[PDB]
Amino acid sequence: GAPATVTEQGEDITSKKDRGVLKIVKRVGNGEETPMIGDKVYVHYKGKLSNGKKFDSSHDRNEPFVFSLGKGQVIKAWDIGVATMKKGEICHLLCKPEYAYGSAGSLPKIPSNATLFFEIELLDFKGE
């Protein structure tokens, strides 16, 4: 399914090229710009563990999800992945634990050593 497709087809967007964050573009965005470090970004997303059954979405909570890019407000895979996206783009991201919650985990939602899968839609981004 979508996570295996990312394994097979995803672009490795890590600096180290360790296949820790793999991306597939599912919808091409608009324009040319991608967000800068410190930009306020606006997204919709859905996420899940690759193993077991825990699913999370911005769509429930009744609004875009906002954060400052590249400042450690979200897991490393997001800082890396969202920085690659154009406005309007949708991607799928497969995130190995080294770019997520690592050996520690974050319970109840996240076990130790968890690979995560996300669908992210970049709605907008603005310099702080």
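From 1 onward, residues are counted along the sequence shown. C-alpha atoms forming the largest set that superposes within 1.5 Å between two forms make up the rigid core.
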Subject >> Core-aligned Cα RMS comparison in 4 other deposited structures of this protein - stretch that moves more, 85-93 or 55-63 >> reply: 55-63
**OP:** Using RMS Cα distance over all structures and residues, flag whichever of 101-109 and 15-23 lies farther from this form in 4 other deposited structures of this protein after a core fit.
**Re:** 101-109
Original post:
Comparing 102-110 with 14-22, where is the mean C-alpha B-factor higher?
Top reply: 102-110
**OP:** Quick one: say whether 1-9 or 118-126 has the higher mean Cα B-factor in the deposited entry.
**Re:** 1-9
**OP:** Determine which member of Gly81, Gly88, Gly31, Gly38 has the highest CA B-factor, using the values in the deposited entry.
**Re:** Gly31
Original post:
Highest CA temperature factor in the entry: which of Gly70, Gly52, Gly47, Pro97?
Top reply: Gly52
